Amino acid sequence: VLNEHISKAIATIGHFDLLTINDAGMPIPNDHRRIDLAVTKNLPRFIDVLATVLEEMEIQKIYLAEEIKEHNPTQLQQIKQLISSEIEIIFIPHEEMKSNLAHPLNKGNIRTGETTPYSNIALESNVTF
């Protein structure tokens, strides 16, 4: 990660803390947590930002929208190929994924240029140090 805001968020991240990565259409609140990386349609791609962020975090659990199973199987598969078998995948309603953007332990909401549906994820941090 060369992103400053992201490195800053990851530096304030400890056990139970959340970090999200979202597609272009996700209604992300306009606060300090907001990290807009979007350039244009599909730039950068959700999966590329995800792969990059995983390299700099110890994750415990991830959250995905139940709707991803049916509406974006390809993205679900790409996510599974990325994370290790050790990490637990929890599905919740997309509506909940939206609420979590304002979770008290949410340390950042990254916006990508992704346009495929339900390309959103929440990363829950394990013990840092």
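Residue numbers here begin at 1 and follow the sequence given.
44 to 52 versus 85 to 93 - which carries the larger mean C-alpha B factor in the record: Comparing 44 to 52 with 85 to 93, the higher average CA B-factor belongs to 85 to 93.
Stretch with the higher entry mean CA B-factor, where the candidates are 73 to 81 and 25 to 33: 25 to 33 has the higher mean C-alpha B-factor.
Residue with highest C-alpha B-factor in the PDB entry, from 101, 38, 64, 59: Each of 101, 38, 64, 59 was compared by C-alpha B-factor; the highest is 59.
Within-chain third of residue 14 by Cα B-factor, per the entry: Within its chain, residue 14 is a highest-third residue by C-alpha B-factor, going by the deposited values.
Residue 122 - Cα temperature factor, lowest/middle/highest third of chain: Residue 122: CA B-factor falls in the lowest third of its chain.
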